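**Q** Start counting at 1 in the sequence shown, then tack on 158, and there's your number in mature numbering (1 follows the signal peptide of the UniProt record, and there is no 0).
Quick reminder that beta carbons are idealized off the backbone N, C-alpha and C, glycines included.
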Amino acid sequence: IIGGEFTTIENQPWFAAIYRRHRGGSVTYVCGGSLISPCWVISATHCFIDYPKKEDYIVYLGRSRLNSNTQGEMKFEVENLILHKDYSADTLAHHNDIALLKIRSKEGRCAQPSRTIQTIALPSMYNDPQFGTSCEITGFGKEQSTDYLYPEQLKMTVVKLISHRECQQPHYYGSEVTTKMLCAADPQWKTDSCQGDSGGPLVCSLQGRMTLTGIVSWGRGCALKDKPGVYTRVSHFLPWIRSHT
Ligand SMILES: N=C(N)NC(=O)c1nc(-c2ccoc2)c(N2CCCCCC2)nc1N
């Protein structure tokens, strides 16, 4: 997250921290995700496509820090890694960038909700907020494009939804953006998602309900003028989510 503010897991208790085990046994951070039910985390396919083996991954819930344990956290293995069959990557833009992780502890259990662990509601189909609506994004991704390290403490910020028409403009993204993607940015381009925020939540308040509107997917640079963050439009994937869960 470029700009914004540090936070803790109580302010985004559906946030899932996803790591990969290496040959040799070191564990590194991969991507964010969101808990949509006790046994299911939703994320982005591009996070996993290079290493598509479920046994390589570890999922934490209730975690506020990157490389230290948070009190009350839960650790899970990935019992099921489901990537979207129609995923594609061009140079920047990832199509159908959505993935499901079925989680299960070494004791064979799913998430027990707590003060630090809760689910996030999915939107109703094809129902998103209007352009200019302020939404929030959360993650352990880079604080500056030039940074080598990821922040040790969770961050979040606010961005505003951009219309498909505006994001479709050539000075923005041209036809790289489809109707299954959502664009969002700061009016000053001051704050944004970045590398390492992929897979994490874009949350909007719809009709009084906090709703998983987007999944962090891609962008050209981070917090660059005329280059918004691009998000998988969750309300266009409800059948795929339902069928696979
Ligand atoms: N909202 C944005 N403006 N940007 C992002 O959300 C975002 N940005 C980058 C990025 C762009 C230039 O440096 C890093 C990124 N990457 C990691 C993936 C592996 C190839 C490198 C790109 N993933 C992202 N999800």
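Just to check, is the beta-carbon of residue 302 closer than 7 angstroms to a non-hydrogen atom of ligand 1?
**A** Not under cutoff, so the answer is no.
**Q** Can you list the beta strand (DSSP E) stretches of 3 or more residues lying completely in the region 277-365, in chain order?
**A** Counting whole runs of 3 or more residues, the region 277-365 contains the beta strand (DSSP E) stretches 292-297, 313-320, 339-343 and 359-364.
**Q** List the endpoints of the continuous beta strand (DSSP E) containing residue 179.
**A** Residues 173-179.
**Q** By DSSP, does residue 260 sit in helix, in strand, or in coil?
**A** Looking at residue 260 - three-state DSSP - the assignment turns out to be strand.
**Q** Pull the bridge partners of residue 243 from the DSSP assignment, please.
**A** None; residue 243 has no bridge partner.
**Q** Hey, is residue 380 close to ligand 1, as in C-beta under 7 angstroms from one of its heavy atoms?
**A** Yes, Cβ of residue 380 sits closer than 7 angstroms to a heavy atom of ligand 1.
**Q** What do you reckon, is the C-beta of residue 264 under 7 angstroms from a heavy atom of ligand 2?
**A** What this structure holds is ligand 1, not ligand 2.
**Q** Among 216, 385, 300 and 308, whose alpha-carbon lies nearest the alpha-carbon of residue 320?
**A** When each option's Cα is compared against that of residue 320, the closest is 385.
**Q** Between the Cα of residue 226 and the Cα atoms of 378, 333, 298 and 180, which residue gives the shortest distance?
**A** Residue 298 is the option with its Cα nearest to residue 226.
**Q** Drop a sphere of 10 angstroms on the beta-carbon of residue 170, count the other beta-carbons inside from all chains shown, and report buried for 16 or more, exposed for fewer.
**A** Label assigned to residue 170: buried.
**Q** Might you give, ordered along the chain, the residues of its own chain that have their beta carbon closer than 7 angstroms to the beta carbon of residue 290, omitting 5 neighbours on each side?
**A** For residue 290, where only same-chain residues beyond five positions count, the Cβ hits under 7 angstroms are 318 and 319.
**Q** Could you give the distance in angstroms between the alpha-carbon of residue 265 and the alpha-carbon of residue 308?
**A** When rounded, the distance between both Cα atoms is 31 angstroms.
**Q** Classify residue 254 as helix, strand or coil using the three-state DSSP reduction.
**A** Reduced to three states, the DSSP call for residue 254 is coil.
**Q** Put residue 228 into one of helix, strand or coil per three-state DSSP.
**A** Residue 228 falls in the coil class under three-state DSSP.
**Q** Entirely within the region 181-239 and at least 3 residues each: give me those beta strand (DSSP E) ranges in chain order.
**A** Counting whole runs of 3 or more residues, the region 181-239 contains the beta strand (DSSP E) stretches 185-195, 198-201 and 215-219.
**Q** Tell me where the alpha helix (DSSP H) around residue 400 begins and ends.
**A** 396-402 is the extent of the alpha helix (DSSP H) around residue 400.
**Q** Kindly indicate the opening and closing residues of the beta strand (DSSP E) around residue 390.
**A** Residue 390 -> beta strand (DSSP E) spans 387-391.
**Q** Quick one: is the Cβ of residue 325 within less than 7 angstroms of any heavy atom of ligand 1?
**A** Outside the cutoff, so no.
**Q** At a cut of 8 angstroms, does the region 159-168 reach the region 186-205 through at least three beta carbon pairs?
**A** No, the region 159-168 is not in contact with the region 186-205.
**Q** Between 197, 296, 353 and 398, which lies nearest to residue 269 when the distance is taken from Cα to Cα?
**A** Minimum Cα distance to residue 269 is reached at 197.
**Q** Closest to residue 277 by CA distance: which of 382, 219 and 393 is it?
**A** Considering only alpha carbons, the answer is 219.
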